[PDB]
Amino acid sequence: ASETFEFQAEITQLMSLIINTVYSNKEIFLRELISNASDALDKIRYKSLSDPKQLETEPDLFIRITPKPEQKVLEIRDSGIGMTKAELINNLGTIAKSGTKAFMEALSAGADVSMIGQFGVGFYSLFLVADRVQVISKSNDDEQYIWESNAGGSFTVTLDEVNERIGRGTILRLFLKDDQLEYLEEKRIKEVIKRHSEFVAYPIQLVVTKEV
Ligand SMILES: NCCCOc1ccc(-c2cn[nH]c2-c2cc(Cl)c(O)cc2O)cc1
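Per the deposited record, the coordinates in this entry were obtained by X-ray crystallography to a resolution of 2.0 Å.

J.: Looking at this structure, how should I read the side chain of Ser139?
T.: Summarising the element assignment, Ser139 is placed in the loop between β4 (130-138) and β5 (145-149). By relative accessible area, which is 4% here, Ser139 ends up buried. With residues near it in sequence (within four places) discarded, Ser139 still touches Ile81, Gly82, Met83, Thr84 and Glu87.

J.: What am I meant to see in the site of the ligand here?
T.: Looking at the ligand, there are 13 residues lining it, with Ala40, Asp78, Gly82, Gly120 and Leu172 nearest. The side chain of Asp78 places a nitrogen or oxygen atom 2.6 Å from an oxygen atom of the ligand. Between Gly82 and the ligand, the recorded distance is 2.9 Å, taken from a backbone N or O atom to a nitrogen atom. The fraction of the free accessible surface of the ligand (560 Å²) that becomes covered by protein chains is 76%. Looking at the shell around the ligand, the elements with two or more residues in it are α2 (28-50) and β7 (169-176). For the shell around the ligand, the element with the highest residue contribution is α2, accounting for 4 residues. Tallied by class, the residues present in the shell around the ligand amount to 6 nonpolar, 4 polar and 3 charged.

About the thresholds
Residues numbered from 1 in each chain as written, not as in the entry; some residues may be left out. Heavy atoms only, no water. Residues with missing side-chain atoms left out of burial classes, pairs and counts. Helix = DSSP H or I, 4+ residues; strand = E, 2+ residues; numbered from the N terminus. Buried < 20%, exposed > 50% of the residue type's maximum accessible area, 1.4 Å probe, protein only. Contact = heavy atoms within 4.5 Å. Near = heavy atom within 4 Å. Polar contact = N/O pair within 3.5 Å; in protein donor to acceptor, adjacent residues only side chain to side chain. Areas by Shrake-Rupley, 256 points an atom, 1.4 Å probe, with all protein chains shown as cover. Nonpolar A, V, L, I, M, F, W, Y, C, P; charged D, E, K, R; others polar.

See the structure below:
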C-alpha cells in the first residue's frame, strides 16, 4: 500500500535549490544527518529511563554508516526512537515549512548553505549529493515504513515489505549522484565523520567490504 503526499511549498522550493546548487563543500551533508541520528537516539534513551522496555526492540544505541557501491547507495542508520507513518509524513513533509522558508530567505540574502542546520532543516542537505532518498523507519508504536522522495514536489509512504526488518530506528538510504561517489569510499567517509563527530555520545559504526 503506497500513499502520496505533497510537500509544503517552502520545502519543495528549498529542495529544488539544494539539489541544483553548485556548492564546493557538499560533505556537510553527513554532519547534518549524523546530528539528526544523534537526536533520535537521545529521544529513545530519554524515554527508556522510565520505560526501559522501549529498548527491548533494539537494545543497542548506535549510528551505522554503510556504503553500497554496487548500488551507488550510502546508508546512514541509527537505533533511535524511529518514526511512525504519521511522524514521517509530518516531520519530513510539513513541519519544516517555516524553517525552509526562513533559510531560503537567508540564502537569498547571501547566507552560506552550511548554515542549513541553524534553521532546523539540515535533513534536506542530503540532496547536495543524492538525487533520491528512502527513509526506512521503525517506531515501537508502528510498523516499518518507507518514505521516499526524488525532490519532485511530492513524496510517498509505503508499508515496508521488501527491506530488512530492523528492531527499531531509521535508515536514510541515499541514492548518490554520479559525481558524488567519493562518499562510498571508506577513507573519505572516515575523514568526513571524524571532522565533526567529536560530540556524538554514541558509537558510529562504519561497515565496509574489502577484498583480501
Ligand atoms: N529542528 C531540528 C530537526 C531535528 O530534529 C529531529 C531529530 C530527530 C528526529 C527523529 C526521530 N526519529 N527519527 C528521527 C530522525 C530524523 C531524521 Cl531527519 C534523520 O535523519 C534521522 C532520524 O533518526 C526527528 C527530529
